[PDB]
Structure formats: structure tokens, C-alpha cells
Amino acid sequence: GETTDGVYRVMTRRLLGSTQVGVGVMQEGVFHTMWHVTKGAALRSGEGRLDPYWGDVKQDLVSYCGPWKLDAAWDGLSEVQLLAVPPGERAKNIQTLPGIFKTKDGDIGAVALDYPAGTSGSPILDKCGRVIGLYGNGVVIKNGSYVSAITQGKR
């Protein structure tokens, strides 16, 4: 029933009450979130239904109503902003300089920000307002804090 652009909370109608499981990005008529948020289950946008279109467990990404539309990436130098939408709190931009996930296949940006597990899927933005990845898949480091990869898909 809605295809406007912006950031969205992903909610559930569970046993008794509602609960925010994650966050998503609606852009160009496609809803982008992380797989561990929806597990490939269809979503409701008012009176209209959003059916999964593409998904990958290893990438931990899922797109609804169309292919993955987000293609921007971190430049490896400038600061980014985590558009965190925590449960019960208004959307807030958290600026930070990403670290690096040095992997077998290359470097990936990573933000050392620790937020509730209902922020999963929150977009990470560059200086031009482009989504360079989603927040929610990462590691817990040697001390106990959380570091999220900047998880981006392919277009």
C-alpha cells in the first residue's frame, strides 16, 4: 500500500503485543533489510503485502518487491553516519569513522557501535546521503563490545 522512500521500522505481531525486530530502507520501490531480521518472511505495508524478491544468507541481505537497489560503498577515508532506529526511540544519525574488516577476499568497513537488536538493518550513510550498507552483522571483539560490518549487496 506504500512505496515511498525512507527508513522503516520492522515490527512483529507476536504472542501478545508488538515488537521491533529490525529496521529497513525503502528505496526505488524496494524494501532492503537483513535476512536475520525477516528470515525471508513476507511483510505487510498497511493493506498491501511485500513478498521477498532476492535474498542471500551469507550476505545476510533480503530485498522485497524488486532487486537490490543500494549500490553505494564506503570510500575507505571519510566518516559515515549510522541512521539508527532503535525500538521506542526516534531515528538518530550517529557519525563515526569506520574501521576495517580485513578478510580473505578484501577489506570491508565496520562501525564500532553497539545498539539494541531491533536496530538491525539500520542504514549507514555517506556524506551525500547514500546508503553504503546495513547495520547488524558483525563481531564481538576481545573486550566484549560489538562491531558491525557495513553490509552491502550487489545491484
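Counting begins at 1, following the sequence as shown.
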When mean C-alpha B-factors in the record are compared for 89 to 97 and 43 to 51, the larger belongs to 43 to 51
Which of the two stretches, 33 to 41 or 104 to 112, shows the higher mean Cα temperature factor in the record? 104 to 112
Please place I141 in the lowest, middle or highest third of its chain by C-alpha B factor as given in the entry. highest
Chain-wide C-alpha B factor ranking for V131, given as lowest, middle or highest third: lowest
